[PDB]
Amino acid sequence: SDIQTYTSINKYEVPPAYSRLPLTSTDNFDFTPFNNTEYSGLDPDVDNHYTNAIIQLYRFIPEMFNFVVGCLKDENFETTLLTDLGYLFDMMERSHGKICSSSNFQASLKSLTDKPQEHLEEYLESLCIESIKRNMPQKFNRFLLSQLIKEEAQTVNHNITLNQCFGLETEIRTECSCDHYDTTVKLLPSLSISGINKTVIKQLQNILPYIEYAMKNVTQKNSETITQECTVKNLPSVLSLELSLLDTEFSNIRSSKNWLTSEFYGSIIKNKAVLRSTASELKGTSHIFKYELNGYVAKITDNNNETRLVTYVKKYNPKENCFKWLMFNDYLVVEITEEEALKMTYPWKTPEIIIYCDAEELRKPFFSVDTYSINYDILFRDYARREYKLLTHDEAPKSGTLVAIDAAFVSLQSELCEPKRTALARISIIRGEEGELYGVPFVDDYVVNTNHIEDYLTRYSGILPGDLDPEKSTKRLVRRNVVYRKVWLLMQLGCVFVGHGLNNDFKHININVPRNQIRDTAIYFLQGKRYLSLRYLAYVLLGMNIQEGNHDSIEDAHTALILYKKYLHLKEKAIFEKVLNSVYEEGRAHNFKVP
RNA sequence: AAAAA
């Protein structure tokens, strides 16, 4: 009777799987009663958390997934939105159930928005915001696919892959004079089911007539009342639909049993396109195509008159040749049956963005970035003065290379209660492998940021107000997209990270590193509670006085490395617990404080 | 509560 119940006995009662989920405050929070499968979820602690429902809709399209993550091998810094989506898609697959966040993706989307233009102006309206407006997910669906294709032509070895999947060659006939009209053809990424004037189809009905109308329609309203005829003669791989209907049409639509057609067939014969349920309903005079429902995003108005989005998704798993359906809440994930996934009888469910895909193309396996040859030439490049030596080609990091990482952050926004923002400023990675070059960093970069910073936390983070493009401390000022890649490549190769409180840093840098690569000195030196400060451990276990004054990540990363070496000394010799219980006992005497 | 910042 817990939250994972996705089917209530009555139609009016929304199951707890669709209810509002409480935000994760950051501290101890287990999602075992929330998600118990490989497919991860996205925490809702972002500005406009409705976009996560769309991200997971595109995540499970094999043609969409394999391309966005595929661009991660090449260096693509100018195309911000396409590569952050690849960082997100790659992370959600590498987590294998663990929670993920789209804060880095949404940060680029907000910064890109600050600049036809009316399409992006609306995307900012729903950012700082009844929490979901009307036809707003469809407008984001337009803006995302439009911005991805526009950026897909700016990568190296320019690709046109997203156009060959979402391409809708749409003819737009505008008739001003008789026998003298004007036509325009432009590639559209998705279909838009606009306000239907009338339903002339009383036949013995499913969604298929609605797609046929959007593919060949005649509009007799303009301004002069011009007659326009829009028709598309292209059947792409993936069909992206945007349902924008009326409540009168949304009430009669629930009576139609099995209105959401799972699989259908259809080709082009005349200047229009006809779609049938079975292949026997229409013998193809030419090449025929079969489309299956890859997934859709539904709007849910709960019993408390609140509203949010969910995502239904299929996946192949060719071992059994079946199809596993999946409802996706924020971090709630449930494996549901196909009958419950297609039911439109419930008055609280409203289809928003539907996606059909090619049958033979849906079965395509999801390829990871590890199957490619990745370009690691960012570590060896140059993208006050910091004393650090760049690595060399004989220092090639392998699976097991030790590195010391410590990041520094600044504050952006207050709690704003009835936590919303925090920014990355500077990270520093140190050499951890024994040798001549030991304990010496190789990247000390300052992340640039244009947003107004509330507090810099100069006492807790060594970032003076010198972090912006024109005026700065002349340090290694760098963009967030590229400094992320340096961290991402080390996790990709299998590098082991050491530091103090790494589980908190990676959450704000928006990257998930497995437990086999994280050596947190806070966890090793932890009693039952009361995590010890780095200044204290550097004083009670070593003979150095750190943290006196303003912090500095290159100092915290260097001492967190030798703490791991001091932990290894007390680990080889069976003294480990004798020191742990001694610092805790002596910690009560000094109250964890000493000048 | 504490670390982290």
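The table that follows gives values for the structure above.
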{"item": "Total residues in the range A:473-529, condition surrounded by fewer than 19 Cβ atoms within 10 Å (Cβ to Cβ) and on the phi > 0 side of the Ramachandran plot", "result": "3"}
{"item": "Boolean, A:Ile429 is surrounded by 22 or more Cβ atoms within 10 Å (Cβ to Cβ), over 18 Å from A:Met91 (Cβ atoms) and of a type outside the set (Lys, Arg)", "result": "yes"}
{"item": "Tally of residues being hydrophobic (A, V, I, L, M, F, W, C), within 15 Å of RNA strand B (Cβ to nearest atom) and over 17 Å from A:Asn449 (Cα atoms) across the range A:404-417", "result": "2"}
{"item": "Where a residue in the range A:447-469 is under 16 Å from A:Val483 (Cα atoms) and not assigned by CATH to the domain that holds A:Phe77 and its partner, wherever it lies, is more than 12 Å from RNA strand B (Cβ to nearest atom) and assigned to a loop (DSSP other than H, G, I, E, B), with Cβ under 6 Å and at least six apart", "result": "A:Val448/A:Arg479"}
{"item": "Among the residues listed as A:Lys420, A:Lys398, A:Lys389, the single one being in the same structural domain as A:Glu548 (by CATH), of a type in the set (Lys, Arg), under 28 Å from the mean Cα position of the chain (by Cα) and away from RNA strand B (no atom under 16 Å from the Cβ)", "result": "A:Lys398"}
{"item": "Helices (runs of 4 or more DSSP H) completely within the range A:450-543 that count 1 or more residues being within 14 Å of RNA strand B (Cβ to nearest atom) and over 24 Å from A:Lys110 (Cα atoms)", "result": "A:502-509, A:521-524, A:534-540"}
{"item": "Top-ranked residue of the range A:544-572 - restricted to ones that are more than 12 Å from RNA strand B (Cβ to nearest atom) and under 36 Å from the mean Cα position of the chain (by Cα), ranked as surrounded by the fewest Cβ atoms within 10 Å (Cβ to Cβ)", "result": "A:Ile562"}
{"item": "Count of the range A:380-396 residues which are assigned to a loop (DSSP other than H, G, I, E, B) and in contact with an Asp or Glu (Cβ under 9 Å, 6 or more places away or on another chain)", "result": "5"}
{"item": "Members of the range A:2-25 found to be over 18 Å from the mean Cα position of the chain (by Cα) and within 16 Å of RNA strand B (Cβ to nearest atom), listed by number", "result": "A:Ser25"}
{"item": "Some residue of the range A:176-194 being closer than 23 Å to A:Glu78 by Cβ, within 30 Å of the chain's Cα centre (by Cα) and not basic (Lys, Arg)", "result": "yes"}
{"item": "Members of the range A:429-446 found to be more than 25 Å from the chain's Cα centre (by Cα) and either assigned by CATH to the domain that holds A:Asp45 or part of a strand (DSSP E or B) (or both), listed by number", "result": "A:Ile429, A:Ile430, A:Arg431, A:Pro441, A:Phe442, A:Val443, A:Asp444"}
{"item": "For A:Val238: the one exception among (1) surrounded by 16 or more Cβ atoms within 10 Å (Cβ to Cβ); (2) under 17 Å from A:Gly195 (Cβ atoms); (3) of a type in the set (A, V, I, L, M, F, W, C)", "result": "(2)"}
{"item": "Pair list, Cβ under 9 Å, 6 or more apart: the range A:540-556 residue under 22 Å from A:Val583 (Cα atoms), other residue in a loop (DSSP other than H, G, I, E, B) and near RNA strand B (Cβ under 10 Å from one of its atoms)", "result": "A:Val540/A:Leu532; A:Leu541/A:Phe525; A:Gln547/A:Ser533; A:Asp556/A:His500; A:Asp556/A:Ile546; A:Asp556/A:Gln547"}
{"item": "Subset of the range A:307-352 (residues that are in a loop (DSSP other than H, G, I, E, B), closer than 22 Å to A:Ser255 by Cα and of a type in the set (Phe, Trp, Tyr))", "result": "A:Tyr346, A:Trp348"}
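All of this is worked out from the model, or read from it or from the source named; nothing here is a laboratory result. Note that each Cβ is placed from the backbone with ideal geometry, even for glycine, and that neighbours are counted across all protein chains shown.
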